[PDB]
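[1] What follows is a protein structure lacking sequence information:
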């Protein structure tokens, strides 16, 4: 999978799946910009933008400024996300609010700021990290799964809104079933790179669940 010369944006890039995906794109030759609230790790071999992707004004300022400097946004990866668990009637107001602000609002803001670019360039790919909790109800994850279901629905309608522009828009949903150990970020990133690649050129509005089969196909 070769991404030489391509411009790639990744949110949630300070840690977890976003970091692994940014790194995988850098190793595949891409020019990568990572977005996250904090960059507290010891090494980032890509350009970083430290902001709250849940904040519509911050995303507007930064993305408008960067789009003024690039010719093409080849790949957007939405990988921001937080997990706050609890019985539905015990979850705090803060955990409910922040779950939706980050897990749905972040991608919404990125979409608001990039859809015109995707339309005007024709083409490109978007991959959004959802969750298998969006596919089946999971005790303790009512808010998390609901936020990821909103995110998936949003990303699919964006994919329909951009299909006439030739943009591909897909999702990955991370976690003897489960089959194997839980998937590492490095392996989620492999699936994102596949969906971002020319080897997936007629794949859009799809969601690959990468959880060892735990949803039994749902």
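    Looks like it arrived, so ask away. Residues are numbered from 1 along each chain as shown.
[2] Secondary structure element holding residue 212?
    Here residue 212 sits in a region with no helix or strand, counting by DSSP states H and E.
[3] which ones are touching it?
    Applying CB atoms under 8 Å, 6 or more residues apart in numbering to residue 212 gives the contacts 175, 177, 178, 179, 180, 181, 182, 183. Yep, even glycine has a C-beta here, placed from its N, CA and C like the rest.
[4] May I ask which two of those are separated the most?
    177 and 183 (13.6 Å; CB to CB).
[5] How many residues are close by residue 10?
    Applying other CB atoms under 10 Å, we find 32 residues neighbouring residue 10.
[6] How much space separates the residue nearest the centre of the chain from residue 176?
    In the chain, the C-alpha closest to the average C-alpha coordinate belongs to residue 78, at a distance of 2.1 Å (CA atoms, centre = their mean). Computed with CB to CB, to the nearest Å, the distance linking residue 78 and residue 176 is 32 Å.
[7] cool, residue 26 as well?
    Separation of residue 26 from residue 176 (CB to CB): 36 Å.
[8] So for those two, which sits in the more crowded spot?
    The neighbour comparison of residue 26 against residue 176 (other CB under 10 Å) goes to residue 26, with 18 against 6.
[9] Look up the residues forming beta bridges with the residue nearest to the centre of the chain.
    Taking DSSP bridges as the rule, residue 78 bridges to residue 128.
[10] the helices in this protein, which residues?
    Taking DSSP state H, the helices of the chain run over residues 16-27, 56-67, 93-100, 106-121, 142-162, 185-196.
[11] hmm, back to that, is it possible to mark the buried ones in the contacts of residue 212?
    If you count burial by 16 or more other CB atoms under 10 Å, the buried members of these come out as 175, 183.
[12] Now that we have the contacts of residue 212, can you turn them into CSV and tack on distance to residue 151?
    Rendered in CSV, the data for those read as follows (distance: CB to CB, whole Å):
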residue, distance to residue 151
175, 16
177, 25
178, 23
179, 25
180, 26
181, 25
182, 21
183, 19
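[13] Between the contacts of residue 212, which sits nearest residue 126?
    When those are ranked by distance to residue 126 (CB to CB), residue 183 comes first, at 20.9 Å.
[14] Show the contacting residues for that closest one.
    Applying CB under 8 Å, 6+ apart as the definition, the contact partners of residue 183 turn out to be 174, 175, 210, 211, 212.
[15] do residue 77 as well
    Here residue 77 is in contact with 8-11, 18, 21-22, 25, 126-129, 192, 196 (CB under 8 Å, 6+ apart).
[16] give me that answer again for 10 Å
    With contacts defined as CB atoms under 10 Å, 6 or more residues apart in numbering, the neighbours of residue 77 are 8-13, 17-18, 21-22, 24-25, 32, 34-35, 110, 125-129, 172, 189, 192-193, 195-196.
[17] got it, and residue 156?
    Residues touching residue 156, when contacts are defined by CB under 10 Å, 6+ apart, comprise 128, 169, 170, 171, 204, 205, 206, 207.
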